């Protein structure tokens, strides 16, 4: 009694794929028998996706409802996971498993060996990672604040600074490392490793600040720096 899996590989976002789970040793038509699909993201745990029973009863995980369908072909004694509208979050090793609902026993057994599905459209080159320091900081009105940002590559001076108040859209503070956006108070200044400096903190300046490189696409942001009251 075993399940032979087939399919998978690399596929673009929005693409489609089908995985097969060939049942050996038993029959999917048998009463009590179900087939279940489980997936495991790289370096992560297990996540149940769908279960199909002998009586057409089916159950889906919320995140795959409307995207994945589960089925079984009797003539080939094979179970299928039809995966459409694929997204990066679907990158994982996908397992099929045999269920048996034959009053208190329902467990996944005789798993398939699993096959990786990777959803991507990019190359092997890394994107420029931006790191902000610190992630958080405390200050009082009138304080001097300095926030730093660092690029994983030489981005020259193509770096912007944004400010975001809670629940509001971001606002451009400084462009090209040091050029102050017109209408932004001159207490904000940018320098270069990159630093945003507030010379004397004001009540309206408590917010999250972001750096952003435009040296290359994709444009990337730092993780943000929240400046909070004391």
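Residue numbers count along the first chain shown, from 1.
According to the entry, the stretch of the deposited sequence that connects residue 102 to residue 103 contains 1 to 3 residues lacking coordinates, which leaves a short gap in the model. The entry shows a gap from residue 192 to residue 193, with 1 to 3 unmodelled residues of the deposited sequence in between.
Taking only CA atoms, the mean B-factor in the PDB entry is higher for 133 to 141 than for the other of 90 to 98 and 133 to 141. Once the C-alpha B-factors are averaged per stretch, 39 to 47 and 23 to 31 rank with 23 to 31 first.
Taking only the listed residues 113, 82, 152, 85, the entry reports the highest CA temperature factor at 152. The top Cα temperature factor in the record, among 185, 66, 166, 170, falls on 166. Annotation for residue 55: CA B-factor lies in the highest third of the chain's modelled residues.
Annotation for residue 9: C-alpha temperature factor in the highest third relative to the rest of the modelled chain, per the entry.
Per the deposited record, the Cα B-factor of residue 225 falls in the middle third when ranked against the other modelled residues of its chain.
Annotation for residue 204: CA B-factor lies in the highest third of the chain's modelled residues. Residue 72 sits in the middle third of its chain by CA B factor, as recorded in the PDB entry.
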